[PDB]
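These protein sequence lines are chains E and 2, in that order. PDB author numbering puts the first sequence at residues 326 to 436, 462 to 650. PDB author numbering puts the second sequence at residues 174 to 459, 469 to 710, 739 to 865. Here the structure is laid out as structure tokens; the discussion comes afterwards.
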Amino acid sequence: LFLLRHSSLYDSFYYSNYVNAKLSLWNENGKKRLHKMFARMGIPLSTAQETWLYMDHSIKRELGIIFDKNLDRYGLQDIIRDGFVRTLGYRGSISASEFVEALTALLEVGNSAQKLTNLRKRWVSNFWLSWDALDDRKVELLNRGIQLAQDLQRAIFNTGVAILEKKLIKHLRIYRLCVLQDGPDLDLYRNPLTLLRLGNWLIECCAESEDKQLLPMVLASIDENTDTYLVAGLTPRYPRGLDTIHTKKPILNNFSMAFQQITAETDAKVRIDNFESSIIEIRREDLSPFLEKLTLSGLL
Amino acid sequence: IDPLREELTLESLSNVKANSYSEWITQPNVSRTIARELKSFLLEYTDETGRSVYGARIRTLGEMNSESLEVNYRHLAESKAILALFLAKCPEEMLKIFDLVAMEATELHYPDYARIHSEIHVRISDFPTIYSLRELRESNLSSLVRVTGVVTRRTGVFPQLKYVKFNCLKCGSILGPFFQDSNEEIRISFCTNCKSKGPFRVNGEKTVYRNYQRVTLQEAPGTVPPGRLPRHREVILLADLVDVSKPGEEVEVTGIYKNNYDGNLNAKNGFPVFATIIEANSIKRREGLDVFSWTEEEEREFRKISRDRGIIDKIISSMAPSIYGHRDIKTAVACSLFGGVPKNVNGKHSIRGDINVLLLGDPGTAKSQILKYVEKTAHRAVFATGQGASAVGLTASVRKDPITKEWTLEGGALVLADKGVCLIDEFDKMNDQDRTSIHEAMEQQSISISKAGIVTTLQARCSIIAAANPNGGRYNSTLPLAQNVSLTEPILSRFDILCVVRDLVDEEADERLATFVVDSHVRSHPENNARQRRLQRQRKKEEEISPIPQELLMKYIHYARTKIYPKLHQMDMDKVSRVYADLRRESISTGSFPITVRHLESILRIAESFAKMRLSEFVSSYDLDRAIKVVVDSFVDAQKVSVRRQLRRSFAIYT
Ligand SMILES: Nc1ncnc2c1ncn2[C@@H]1O[C@H](COP(=O)(O)OP(=O)(O)OP(=O)(O)O)[C@@H](O)[C@H]1O
Ligand SMILES: [Mg+2]
Ligand SMILES: [Zn+2]
Numbered sequence: 326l327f328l329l330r331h332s333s334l335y336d337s338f339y340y341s342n343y344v345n346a347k348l349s350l351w352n353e354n355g356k357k358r359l360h361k362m363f364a365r366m367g368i369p370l371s372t373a374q375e376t377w378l379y380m381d382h383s384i385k386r387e388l389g390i391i392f393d394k395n396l397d398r399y400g401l402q403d404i405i406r407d408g409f410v411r412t413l414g415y416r417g418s419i420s421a422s423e424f425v426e427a428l429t430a431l432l433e434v435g436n462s463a464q465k466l467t468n469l470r471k472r473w474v475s476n477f478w479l480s481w482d483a484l485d486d487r488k489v490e491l492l493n494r495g496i497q498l499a500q501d502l503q504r505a506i507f508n509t510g511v512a513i514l515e516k517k518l519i520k521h522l523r524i525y526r527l528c529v530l531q532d533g534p535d536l537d538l539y540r541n542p543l544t545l546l547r548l549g550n551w552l553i554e555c556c557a558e559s560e561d562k563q564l565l566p567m568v569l570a571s572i573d574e575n576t577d578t579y580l581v582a583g584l585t586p587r588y589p590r591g592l593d594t595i596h597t598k599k600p601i602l603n604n605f606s607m608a609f610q611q612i613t614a615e616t617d618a619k620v621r622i623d624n625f626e627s628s629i630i631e632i633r634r635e636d637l638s639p640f641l642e643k644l645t646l647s648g649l650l
Numbered sequence: 174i175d176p177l178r179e180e181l182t183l184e185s186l187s188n189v190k191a192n193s194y195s196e197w198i199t200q201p202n203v204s205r206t207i208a209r210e211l212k213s214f215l216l217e218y219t220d221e222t223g224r225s226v227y228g229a230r231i232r233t234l235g236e237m238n239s240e241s242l243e244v245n246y247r248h249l250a251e252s253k254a255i256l257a258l259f260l261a262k263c264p265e266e267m268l269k270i271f272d273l274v275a276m277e278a279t280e281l282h283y284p285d286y287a288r289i290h291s292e293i294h295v296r297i298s299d300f301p302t303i304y305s306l307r308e309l310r311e312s313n314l315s316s317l318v319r320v321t322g323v324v325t326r327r328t329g330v331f332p333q334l335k336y337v338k339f340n341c342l343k344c345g346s347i348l349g350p351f352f353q354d355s356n357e358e359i360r361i362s363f364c365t366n367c368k369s370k371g372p373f374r375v376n377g378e379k380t381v382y383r384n385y386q387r388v389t390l391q392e393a394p395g396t397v398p399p400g401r402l403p404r405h406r407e408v409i410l411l412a413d414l415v416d417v418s419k420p421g422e423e424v425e426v427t428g429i430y431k432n433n434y435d436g437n438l439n440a441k442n443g444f445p446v447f448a449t450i451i452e453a454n455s456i457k458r459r469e470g471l472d473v474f475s476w477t478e479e480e481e482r483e484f485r486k487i488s489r490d491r492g493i494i495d496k497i498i499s500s501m502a503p504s505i506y507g508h509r510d511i512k513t514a515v516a517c518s519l520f521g522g523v524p525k526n527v528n529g530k531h532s533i534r535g536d537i538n539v540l541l542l543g544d545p546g547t548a549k550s551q552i553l554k555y556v557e558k559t560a561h562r563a564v565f566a567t568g569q570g571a572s573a574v575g576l577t578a579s580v581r582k583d584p585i586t587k588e589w590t591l592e593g594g595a596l597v598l599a600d601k602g603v604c605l606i607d608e609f610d611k612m613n614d615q616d617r618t619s620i621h622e623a624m625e626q627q628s629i630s631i632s633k634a635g636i637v638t639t640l641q642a643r644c645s646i647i648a649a650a651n652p653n654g655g656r657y658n659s660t661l662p663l664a665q666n667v668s669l670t671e672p673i674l675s676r677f678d679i680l681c682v683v684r685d686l687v688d689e690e691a692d693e694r695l696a697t698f699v700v701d702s703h704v705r706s707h708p709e710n739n740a741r742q743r744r745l746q747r748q749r750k751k752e753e754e755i756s757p758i759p760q761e762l763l764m765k766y767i768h769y770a771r772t773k774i775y776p777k778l779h780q781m782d783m784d785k786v787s788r789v790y791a792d793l794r795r796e797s798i799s800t801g802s803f804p805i806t807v808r809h810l811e812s813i814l815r816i817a818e819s820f821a822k823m824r825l826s827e828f829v830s831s832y833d834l835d836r837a838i839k840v841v842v843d844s845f846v847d848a849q850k851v852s853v854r855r856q857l858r859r860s861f862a863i864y865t
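Laid out in structure tokens, this is it:
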């Protein structure tokens, strides 16, 4: 769940990759199913939306039993897991996943060639902003990171809802394409980490579950301020929490070699400089030709 | 075996052995039999498709954390007639048993639902027998009755004790729990612990409360026989029913008609008369539930229709088809009905989205009828006549709350029509003060009130459509609009589209008008399943005069005003800038009101409304040019003939 100990239970079940993938909350029927689940579990709706700290302590104590009793029915039996929790005296607890999410949020949204340099240097500064937060004397940075993580998750959820509702994910025998060209949150999708967050969100929902074949997904986002696409080549994933022989074998990501070959053949000023080869930057006028070349490559 | 645990059969319930129905129902064995039968009905009732209606109803009830399970009376009557008869004759005890059975059934689906709510009230929806406030007599006391009326009063929401616990003053003993009837207060005249007739008091700070509200239901003016006084009663709304209706609504109330002893009435009238009030059990508004409501299936139809190339023309034509001419009126009024997109800029600049239309012309021109039509078509509309209106009734009125005895404040005509339309007929006849009362709502979009120390500001964001006839009884085409109507320059400026109507004489036009009017009269003669056949013929005629059915259009207006907010992405500003410059260049002539920027704002508003017709969030060029045409024609027609010739000559591309 997403920031269970720093938000409301309803929000924890709402802004979650696995929960949404299992229940497909992006449509109204998913929200109705979630409401029915909460009603069956016995937790009221007003109580479920109260912050974790101020929520009634009885339900907080009995939560594990409630989850065990009433989650098999809705298929969310893989939600339960064992994780590390670190708490300092008289201060609220925090789990490893929440700490990592806060650190990533601080890295992402915390705070011609000139714009590129400014963006990269802002990311470098955010690196140090995150570095300090990793200490026990800088709890304020941790709280700010948690708030920023909440905001980023809300924005990514909204964008994913829009994409899924409008059915922008075209399907091809080899790969799947999702190109963004408008929206209110397109500014955020310039940091590779945020774009990868959106990619993971989309991969979990209907690309790894819902009886769908596993194909690499190419996700791109425009930025009119520089006229280029932050194309990212993501790898598929097997259903979460399903141990099997095929699950043991890692799913290799073949985007790097095909990307390099296509860049070598053509000339579109592709910026292959990120350490992760999955991400490049292609000019606006040369996106569709590059996609056609990738389709013809047959190397994915 | 315990005798108290034995249960009768279904037939034996019909055979009543007791003085009254309540005594029969209250018996243990009969109570258990009734509970079993009600549970069976809830758990085994199926419709034509065979779906268990009440299982899905209970699931939905649990989904929303609601404490009300609506039950259809017809289903109960069809399944178990005797139980329906008992519920009709003795509502209180049957409803208590039904509430217990419904709480068991709900717990069947959601085992832990008791934590969320401990009581699930059962509400009867469709009582076959409908009464009126005039025909209620003593025979209806303590029975379920369905009445129709209009709400004319309402009080605030207060908590009322649900279980009380008294105490003594001589010995200090504390009495047990009781149930507090909504109509009469609990009275104790003798103790049980000290067994003395001494005074008492309310104690036991631990108590469970419930919401309580009271409204005054009055008979519908139309239903009242010719010129008779309307009859009113007081309705009590308990928890889960408060704030379900507001003054000025037509509602149907199903509840228990109870009575109680009132000393004041006996002292006043001089005879042993008892006060009466209705304890509400369900409230509904007064086909189905609401035409404006639409479904997911219908939303797909609207998108298909909007794809039509000339949908805008069909919408304009389908508006007031019974009226032959006055296409400019139809365009303006349709634009007003569709409305605009209000805009705010960083909380520093506010732009109104409403569109105001002033209708002016010769006496017989189909002016009031169009306003009457748009009254029906509009979602929330209020109709007021110039003669029969006042500022106090247009802003608000102050009342005294019978419970708290603190002065409250009513809603006015403009307030009641917020986010809607405020139609005014015979506008020129209104007095100066009332005409000033509307200046604020026209532009400020808010009404300020200061009465009885209740200083506050109210929200009034509504479009105004006004109809009037020119001063002197006719429009002298030679003179300008200034002298023709007595309205002052400000209010005249505030109007966006000014569709002046002119009644001239022409042989061909009069022939066409006569033919259309006579055909309309003959078509609507009263003489010219059975209900389905009637609907089919009505649809035949409706399509005869309307390319689009009225029913679809009514929902179309609501859907467009709700879900679509068109915005101007990019468009050649220079076109409208050039039109504005030319308007100012040609408006310098004496006798023509200067073309202020208010016309430019109106152009944009009409463009947004026109784009709303297609359900397109991109304001294309065609809509902007059409809005330019509308505004230019509206301005040109208002001027004198001498200036009209030059204005028509100069403006050719736009018109
Ligand atoms: N173009 C038209 N087509 C059909 N009927 C028309 C037309 N013009 C006028 N009428 C008829 O003229 C009659 C005039 O009454 P209506 O209520 O429409 O307004 P009015 O009383 O003439 O208006 P005003 O308030 O300006 O005096 C109505 O019966 C209307 O049907
Ligand atoms: Mg009239
Ligand atoms: Zn006593």
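Using N, Cα and C, we set each Cβ at its ideal position, and we do this for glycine too.
Judged by pairs of C-beta atoms under 8 Å, the region 567–574 of chain 2 does not touch the region 741–760 of chain 2, as fewer than three such pairs exist. Residue burial is scored here from C-beta neighbours: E426 (chain E) has at least 16 other C-beta atoms within 10 angstroms and is therefore classed as buried. Here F507 (chain E) carries a helix assignment [DSSP, helix/strand/coil]. Taking the CA atoms as reference points, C681 (chain 2) sits about 23 Å from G492 (chain 2). When C-beta atoms of the region 482–501 of chain 2 are compared with those of the region 694–710 of chain 2, fewer than three pairs fall below 8 Å, so the two segments do not count as touching. According to DSSP, residue pairing for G428 (chain 2) in a beta bridge involves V318 (chain 2) and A453 (chain 2).
Residue burial annotation: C344 (chain 2) is exposed, with fewer than 16 other C-beta atoms found within 10 angstroms of its C-beta. With respect to the 8 Å criterion, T449 (chain 2) and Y434 (chain 2) are not classified as neighbours on the basis of their beta carbons.
In the displayed model, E423 (chain 2) falls within a strand according to three-state DSSP. Among the CB atoms of chain 2, none fall inside 8 Å of the CB of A512 (chain E). Here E481 (chain 2) is exposed. Its C-beta has fewer than 16 other C-beta atoms within 10 Å. Annotation: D636 (chain E) to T233 (chain 2) spans about 52 Å, alpha carbon to alpha carbon. DSSP, reduced to helix, strand and coil, places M237 (chain 2) outside both helices and strands of the structure shown, so it counts as coil. Residue-level contact check: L370 (chain E) touches chain 2, since one or more beta carbons of chain 2 fall below 8 Å from its beta carbon. For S659 (chain 2), there is no enclosing alpha helix (DSSP H), as DSSP gives it neither H nor E. By the Cβ rule, the region 401–419 of chain E does not count as touching the region 274–286 of chain 2, because fewer than three pairs are nearer than 8 Å. Considering only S571 (chain E), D486 (chain E), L432 (chain E) and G389 (chain E), the residue with the shortest C-alpha distance to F477 (chain E) is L432 (chain E). Interface residue (Cβ-Cβ distance to chain E less than 8 Å): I289 (chain 2) is classified as such. With a cut-off of 8 Å on Cβ pairs, the region 780–791 of chain 2 is in contact with the region 802–813 of chain 2, counting three or more such pairs.
Listed along the chain, the chain E residues whose CB falls inside 8 Å of the CB of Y283 (chain 2) are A364, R365 and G367. In this structure, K549 (chain 2) has its CB closer than 7 Å to one or more heavy atoms of ligand 2. Within the same chain, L370 come within 8 Å of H360 (chain E) by CB-CB distance, once the 5 residues on both sides are set aside. In this structure, the CA atom of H809 (chain 2) is about 32 Å from the CA atom of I758 (chain 2). With fewer than 16 other CB atoms across the displayed protein chains lying within 10 angstroms of its CB, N604 (chain E) is exposed.
Cβ neighbours of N526 (chain 2) within its own chain (closer than 6 Å, five residues either side excluded): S532. Taking 8 Å as the threshold, the shortest C-beta distance from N366 (chain 2) to chain E does not fall below it. Listed along chain 2 are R232, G235 and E236, each with a C-beta nearer than 8 Å to that of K361 (chain E). Boundaries of the beta strand (DSSP E) harbouring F373 (chain 2): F373 to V375, taken from the DSSP string. Here the C-alpha atom of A373 (chain E) lies approximately 47 Å from the C-alpha atom of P372 (chain 2). With distances taken between CA atoms, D381 (chain E) lies nearest to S333 (chain E) out of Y399 (chain E), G414 (chain E) and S333 (chain E). An exposed status is given to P350 (chain 2), since fewer than 16 other beta-carbon atoms sit within 10 Å of its beta-carbon. With contacts defined as CB atoms closer than 8 Å, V417 (chain 2) and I451 (chain 2) fail to qualify as a contacting pair.
Listed by position along chain 2, the residues whose Cβ is nearer than 7 Å to that of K357 (chain E) are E236.
The bridge partners DSSP lists for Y579 (chain E) are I572 (chain E) and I632 (chain E). Around the beta carbon of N354 (chain E), fewer than 16 other beta carbons lie within 10 angstroms, which makes this residue exposed. Spatial neighbours of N366 (chain 2) in its own chain (CB-CB distance under 6 Å, excluding positions within 5 residues in sequence) are listed in chain order as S346.
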